[PDB]
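Student: The following block contains the structure, expressed as structure tokens.
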Protein chains: 2
Amino acid sequence: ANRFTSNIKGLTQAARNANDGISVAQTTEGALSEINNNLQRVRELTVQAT
Amino acid sequence: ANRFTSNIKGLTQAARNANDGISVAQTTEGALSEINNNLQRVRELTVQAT
């Protein structure tokens with residue numbers, strides 16, 4: 001039972017740690033999406049300029 | 001989808017650029033027409049003068 005309790009607490013903490021990676025990836029992906037929009041507008045401008 | 005959006009924006013801007021060539025050709029054609037009329041009158045004058 002002591003080993004089982006240790007495992008249960010460890011796995012719960014592991015899931016909590018896992019959620020952090022999801023948060024980081026979401027924020028980073030939003031930033032990259034904004035960069036992508038800027039790049040798209042830059043490409044449109046180059047097409048207009050050439 | 002990102003590639004598709006880039007391509008659509010590029011093609012729309014390409015058509016927008018294309019219209020400018022039509023405008024240039026129209027203006028130049030008008031100028032050439034006026035030059036042609038003046039040349040025609042010059043030819044008539046030479047026929048009268050010879």
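Following the order of the structure tokens, chains are lettered A, B, ..., residues in each are numbered from 1, and ligands are numbered from 1.
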If we count only C-alpha atoms and set the cut-off at 12 Å, which residues sit around residue 36 of chain A, ignoring sequence neighbours fewer than 6 positions away in its own chain? Please answer as an MDAnalysis selection string.

Tutor: (chainID A and resid 29:30 42:43) or (chainID B and resid 2:3 5:6)

Student: Next, dump the selected residues to file, keeping only N, CA, C and O atoms, as a JSON list (two decimals), in the first residue's frame.

Tutor:
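Once written, part.json looks like this:
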[["chain", "number", "residue", "atom", "x", "y", "z"],
["A", 29, "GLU", "N", 2.81, 28.38, -30.21],
["A", 29, "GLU", "CA", 2.12, 28.24, -31.49],
["A", 29, "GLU", "C", 1.37, 29.52, -31.84],
["A", 29, "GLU", "O", 1.32, 29.91, -33.02],
["A", 30, "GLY", "N", 0.77, 30.18, -30.85],
["A", 30, "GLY", "CA", 0.15, 31.47, -31.13],
["A", 30, "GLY", "C", 1.14, 32.49, -31.65],
["A", 30, "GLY", "O", 0.87, 33.20, -32.64],
["A", 42, "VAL", "N", 4.09, 40.07, -46.01],
["A", 42, "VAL", "CA", 5.35, 40.44, -46.66],
["A", 42, "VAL", "C", 5.42, 39.84, -48.07],
["A", 42, "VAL", "O", 5.85, 40.50, -49.02],
["A", 43, "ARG", "N", 5.00, 38.58, -48.21],
["A", 43, "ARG", "CA", 5.00, 37.95, -49.53],
["A", 43, "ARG", "C", 4.06, 38.67, -50.48],
["A", 43, "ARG", "O", 4.39, 38.87, -51.66],
["B", 2, "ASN", "N", -2.00, 26.92, -45.40],
["B", 2, "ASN", "CA", -1.10, 28.07, -45.42],
["B", 2, "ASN", "C", -0.54, 28.30, -46.82],
["B", 2, "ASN", "O", -0.52, 29.43, -47.32],
["B", 3, "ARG", "N", -0.09, 27.22, -47.47],
["B", 3, "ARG", "CA", 0.41, 27.35, -48.83],
["B", 3, "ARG", "C", -0.68, 27.83, -49.78],
["B", 3, "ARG", "O", -0.43, 28.66, -50.66],
["B", 5, "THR", "N", -3.32, 29.70, -49.03],
["B", 5, "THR", "CA", -3.56, 31.12, -48.77],
["B", 5, "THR", "C", -2.48, 31.98, -49.41],
["B", 5, "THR", "O", -2.78, 33.01, -50.04],
["B", 6, "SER", "N", -1.22, 31.56, -49.28],
["B", 6, "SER", "CA", -0.14, 32.29, -49.93],
["B", 6, "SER", "C", -0.35, 32.35, -51.43],
["B", 6, "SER", "O", -0.19, 33.42, -52.04]]

Student: Would you give me, as JSON lines, each residue of chain A having an atom within 9 Å of an atom of chain B, along with its shortest atom pair and that distance in Å to one decimal, using only C-alpha atoms and sorting by chain and residue number?

Tutor:
{"residue": "A:36", "atom": "CA", "partner": "B:2", "partner_atom": "CA", "distance": 8.7}
{"residue": "A:40", "atom": "CA", "partner": "B:6", "partner_atom": "CA", "distance": 6.3}
{"residue": "A:41", "atom": "CA", "partner": "B:9", "partner_atom": "CA", "distance": 8.7}
{"residue": "A:43", "atom": "CA", "partner": "B:10", "partner_atom": "CA", "distance": 7.5}
{"residue": "A:44", "atom": "CA", "partner": "B:10", "partner_atom": "CA", "distance": 5.8}
{"residue": "A:45", "atom": "CA", "partner": "B:13", "partner_atom": "CA", "distance": 8.5}
{"residue": "A:47", "atom": "CA", "partner": "B:10", "partner_atom": "CA", "distance": 6.2}
{"residue": "A:48", "atom": "CA", "partner": "B:13", "partner_atom": "CA", "distance": 5.9}
{"residue": "A:49", "atom": "CA", "partner": "B:17", "partner_atom": "CA", "distance": 8.9}

Student: Please report the interatomic distance between atom CA of residue 22 of chain A and atom CA of residue 4 of chain A in Å with one decimal.

Tutor: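 These two atoms are separated by 27.5 Å.
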
Student: Rounded to one decimal in Å, what is the spacing between atom CA of residue 19 of chain A and atom CA of residue 31 of chain A?

Tutor: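 Atom-to-atom, atom CA of residue 19 of chain A to atom CA of residue 31 of chain A, that is 19.0 Å.
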
Student: Could you state the separation of atom CA of residue 32 of chain B and atom CA of residue 18 of chain B in Å, given to one decimal place?

Tutor: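 Distance between the two atoms: 21.6 Å.
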